[PDB]
Amino acid sequence: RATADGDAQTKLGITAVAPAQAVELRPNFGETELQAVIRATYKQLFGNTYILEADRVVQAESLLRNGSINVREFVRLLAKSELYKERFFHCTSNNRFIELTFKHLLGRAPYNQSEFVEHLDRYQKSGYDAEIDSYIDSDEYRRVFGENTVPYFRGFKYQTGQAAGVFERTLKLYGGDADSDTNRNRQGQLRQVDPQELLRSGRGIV
Amino acid sequence: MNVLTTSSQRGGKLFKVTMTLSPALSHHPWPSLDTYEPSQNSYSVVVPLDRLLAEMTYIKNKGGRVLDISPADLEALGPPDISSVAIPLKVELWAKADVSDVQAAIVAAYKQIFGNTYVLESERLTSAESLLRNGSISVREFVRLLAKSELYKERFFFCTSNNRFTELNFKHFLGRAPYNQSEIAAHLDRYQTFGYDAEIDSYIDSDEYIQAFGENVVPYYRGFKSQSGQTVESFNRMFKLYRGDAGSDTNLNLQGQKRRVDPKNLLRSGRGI
Ligand SMILES: *[C@H](C)[C@H]1/C(=C/c2[nH]c(/C=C3N=C(/C=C4\NC(=O)C(CC)=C4C)C(C)=C\3CCC(=O)O)c(CCC(=O)O)c2C)NC(=O)[C@@H]1C
Ligand SMILES: *[C@H](C)[C@H]1/C(=C/c2[nH]c(/C=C3N=C(/C=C4\NC(=O)C(CC)=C4C)C(C)=C\3CCC(=O)O)c(CCC(=O)O)c2C)NC(=O)[C@@H]1C
Ligand SMILES: *[C@H](C)[C@H]1/C(=C/c2[nH]c(/C=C3N=C(/C=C4\NC(=O)C(CC)=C4C)C(C)=C\3CCC(=O)O)c(CCC(=O)O)c2C)NC(=O)[C@@H]1C
Ligand SMILES: *[C@H](C)[C@H]1/C(=C/c2[nH]c(/C=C3N=C(/C=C4\NC(=O)C(CC)=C4C)C(C)=C\3CCC(=O)O)c(CCC(=O)O)c2C)NC(=O)[C@@H]1C
Ligand SMILES: *[C@H](C)[C@H]1/C(=C/c2[nH]c(/C=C3N=C(/C=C4\NC(=O)C(CC)=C4C)C(C)=C\3CCC(=O)O)c(CCC(=O)O)c2C)NC(=O)[C@@H]1C
């Protein structure tokens, strides 16, 4: 065979995301650490889509500089924002949005069909906002990258209690270092994850 | 820490929660055992009212435990003005004092000796007032009678612990706050053997008293302005002991009698013995 170590990753194009590097903000931060964290958040939340100079949110970044909010709060502010909502929420369908937010706020794709039920009903019962919170609030977000750590892709590496067929699902969502999910491409914003593969993982009643 | 906004963009009273962090709650992304960062052993977040319940439960379900919660309006308030205590004012009782001048010393003595605490007409002490104004008692002796009175023991000494009663005494009888654990320890011991009366005497008897506001001057706030043999921390302590005007020492409030000056702060200024 004589495949390299890297080979299997480089063939898929997941070489950067696979064991992704984790960026942490520290108790007192240099001017560069701040600006790294900020760049990493923006790249991960918005899905490597391009954020102009006007799109940036100055206040959230200031509060992050004073120390008045942690990184986890910064993430919520970005996620609960016109700019995010315009790209991944108002143009797509709720089925499409859920899989996006899952990927953005936790590097995996959705593990099974029930994950769509708890998050769609949540959205009708309460806001968008309460939904978004349920993600950052959830224990899996807290357990990994709980505070002061930028969210990073957890997909493409074995995680405990993973479902099988994340690996493939996230490959549908990631699709390479130059790809980016974009509200504004021809044929709009559409789900990549096909709905029949979800059911392939269990589907209980409700 | 300072909170920068009192309310969330969506209407909602922000509360500042303080917790002892735990490795589960936040951990460095390193190999090896998970550690939180040392400088954040006591972490603080500001949460809206809505997320407060869930946030607190998560903290507790992990190893965390909540040191305290406080409304962000109260927090993120000015440190108390020191205008009135920067220059105390000072009252002298002359010999051959007018009826009025004696009155004004009595009031001042209650105010300082009892903290902004209110004293009702039934609480007030005719007998000791009677002694002042026909002579026979000094201002210093009147003060010693107040700190012997039950009213004084009921508030400051019978509800709280001796460790708090000590600083509470240091404030009433000397403007200063306490400086170094040594002082707190000595008073605790003196109280055990001599008993409550001796302890009270030892402030009024001590050299700082008499050297300042010796006799016939109602005691006034010395702290808040630089004193001899006074560690700097002591000046910050004074800001904990003294909150505003129309802030008191009250047994009456919920968990009324706690310690303004955390014991670790005392140990900073001087640890030994
Ligand atoms: C310029 C020479 C020509 C041009 C380019 C062009 N690109 C876009 C939009 C995007 N370009 C990219 C590409 C990248 N993302 C990356 O990280 C990298 C390097 C790793 C690249 C090269 C992406 C992701 C977008 C989307 C950005 C976003 O959604 O904000 C456009 C704009 C098209 C649009 O409708 O957004 C253009 C114009 N096209 C030309 O006409 C030039 C000849
Ligand atoms: C061992 C008997 C054989 C072998 C195994 C092997 N696996 C990988 C890499 C991965 N294995 C998995 C598999 C899982 N993901 C899941 O969700 C589950 C249970 C549902 C499994 C079992 C995954 C996700 C990876 C990739 C990410 C990771 O490393 O965790 C390798 C390494 C290949 C690579 O380049 O990553 C190997 C060698 N292969 C053999 O040679 C044995 C016959
Ligand atoms: C070993 C020489 C002595 C000792 C050490 C000891 N430490 C703990 C627990 C913690 N120690 C730390 C230390 C750090 N955390 C950091 O991030 C850093 C560098 C930035 C340091 C130096 C921390 C924070 C903890 C608590 C949480 C954690 O696990 O990280 C223990 C165990 C305490 C316990 O009861 O859990 C011990 C034993 N103590 C000894 O016995 C030696 C004298
Ligand atoms: C003996 C069973 C154990 C022990 C006791 C111990 N205590 C100290 C020192 C102090 N203890 C106190 C505590 C109090 N403050 C109060 O207001 C009251 C009454 C309600 C108490 C009991 C204080 C203030 C001190 C400081 C100094 C002093 O003597 O007052 C020590 C001395 C150690 C030190 O000062 O650092 C000791 C030994 N500790 C043990 O080892 C025993 C198991
Ligand atoms: C009356 C409108 C409402 C009310 C008031 C109330 N206050 C207390 C107790 C205190 N009130 C104060 C007030 C001040 N201290 C000051 O020095 C100043 C300005 C200089 C003010 C206005 C203070 C110091 C106390 C504590 C000492 C004391 O014994 O009063 C109470 C009693 C609290 C208790 O539990 O004992 C009350 C009832 N409460 C109401 O019912 C009205 C709405």
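In what follows, the structure referred to is the one given above.
Overview of the structure.

1. Some thoughts on the overall build of chain B
- From N to C terminus, chain B includes 12 helices and 6 strands.
- Its C-alpha atoms give chain B principal-axis dimensions of roughly 80 × 45 × 30 Å.
- Going through the 273 residues of chain B one by one, you find that 44% of them count as buried.
- Summarising the internal contacts of chain B: among those between residues at least 6 apart in sequence, 71% fall at separations of at least 24.
- Entry remark: accessible area of chain B is about 14,600 Å², with carbon and sulfur atoms responsible for 56%.
- Computed over 32 positive and 31 negative side-chain charges, the separation of the two mean positions in chain B equals 4 Å.

2. Focus: the interface of chain B and chain A
- The interface is formed by 18 residues belonging to chain B together with 20 residues belonging to chain A.
- With both sides pooled, the region where chain B packs onto chain A buries about 1,600 Å², and carbon together with sulfur makes up 41% of that total.
- Area buried by chain B at its contact with chain A is led by B:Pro29, B:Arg51 and B:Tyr58, which between them contribute 30% of it.
- Run the count over chain B and chain A and you get 5 salt bridges.
- Among the salt bridges present, the one from B:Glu55 reaches A:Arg72, with a minimum N-O distance of 2.7 Å.

3. Some points on the pairing of strand 2 (residues 42-47) of chain B
Residues and elements named next belong to chain B.
- Only one face of strand 2 is buried: it carries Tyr 43, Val 45 and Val 47, and the other face, with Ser 42, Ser 44 and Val 46, is open.
- The pairing of strand 1 (residues 15-20) with strand 2 spans 6 bridges and is antiparallel. Bridge pairing in strand 2 links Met 19 to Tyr 43.

The rules behind the values
- Residues numbered from 1 in each chain as written, not as in the entry; some residues may be left out.
- Chains lettered and ligands numbered in written order.
- Part of a larger assembly, values for the part shown.
- Heavy atoms only, no water.
- Residues with missing side-chain atoms left out of burial classes, pairs and counts.
- Helix = DSSP H or I, 4+ residues; strand = E, 2+ residues; numbered from the N terminus.
- Buried < 20%, exposed > 50% of the residue type's maximum accessible area, 1.4 Å probe, protein only.
- Contact = heavy atoms within 4.5 Å.
- Areas by Shrake-Rupley, 256 points an atom, 1.4 Å probe, with all protein chains shown as cover.
- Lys, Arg positive; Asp, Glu negative; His and termini not counted.
- Charge placed at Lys NZ, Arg CZ, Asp CG, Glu CD.
- Buried area = accessible area lost by both parts, 1.4 Å probe.
- Salt bridge = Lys/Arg side-chain N within 4 Å of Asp/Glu carboxyl O.
- Pairing = 2+ DSSP bridges.

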